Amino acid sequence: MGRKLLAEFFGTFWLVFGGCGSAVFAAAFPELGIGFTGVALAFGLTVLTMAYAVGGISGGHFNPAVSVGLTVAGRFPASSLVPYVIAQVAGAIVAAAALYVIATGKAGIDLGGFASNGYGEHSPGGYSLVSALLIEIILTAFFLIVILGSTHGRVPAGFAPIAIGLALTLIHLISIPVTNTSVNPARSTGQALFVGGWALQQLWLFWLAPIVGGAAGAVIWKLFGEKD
């Protein structure tokens, strides 16, 4: 069990340090930077890679809304939920801090939103709170449908990391302009704690919406996918 919490901790750290750190260091670099596509690929590849490295140890959730959805689907014991959520939020916070220390090694850098998720005025594209809510619920619900589908016994072992990592990239290709893309309450919490201000005031949305999307995808999955 301690092995499983460490798997979640290192995994969520990798997710945030790789995804957010590609956003902070590289996305807007002049002439050669990696754009929304490269951040999207980054975040999907943190999940693909640690899903292969530690998924067979903890299940490789790396994401509170995943742990909730897999509990609602009856794949995962509700008794492990809270500990997993604590291990995950701790990895995110420790990654946010390592990124912070490294980022400021560049003289007079402006961290800005520091890859925090936001809506309205803090939506990259100026989309409303209601747009933010709907798209985070829809995308997280589908994220769980892919995770529950691709880890079902009808799918041969070993392919789920590819499915689930690249589904995370696809989710970023769709929604970065709307919310910078959360679908993961832990991945939103670390960056926001370093920004404070508006980032903390909007943080609730990125706990509430992914958790409702993850639970909804679980319920939908149960209705047509999980039975033999």
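Numbering starts at 1 and runs along the sequence shown.
Enquirer: Mean C-alpha B-factor higher for 189-197, or for 37-45?
Expert: Higher of the two, by average CA B-factor, is 189-197.
Enquirer: 96-104 versus 144-152: which one carries the higher mean Cα B factor per the record?
Expert: According to the PDB entry, the answer is 96-104.
Enquirer: Splitting the chain's C-alpha B-factors into thirds, which one does residue 89 fall into?
Expert: It belongs to the highest third of the chain when residues are ordered by C-alpha B-factor.
Enquirer: Among all modelled residues of this chain, ranked by Cα B factor, put residue 138 in the bottom, middle or top third, i.e. lowest, middle or highest.
Expert: Lowest third - that is where residue 138 ends up once the chain's C-alpha B-factors are sorted.
Enquirer: Among the chain's modelled residues, which third holds the C-alpha B-factor of residue 54?
Expert: Its C-alpha B-factor, which the entry lists for residue 54, ranks in the middle third among residues of this chain.
Enquirer: Sorting by Cα B-factor within the chain, modelled residues only, which third would residue 16 end up in: lowest, middle or highest?
Expert: Bottom third by C-alpha B-factor.
Enquirer: Please say which third, lowest, middle or highest, residue 202 falls into when its CA temperature factor is compared across its chain.
Expert: As the PDB entry reports it, the C-alpha B-factor of residue 202 lands in the highest third of its chain.
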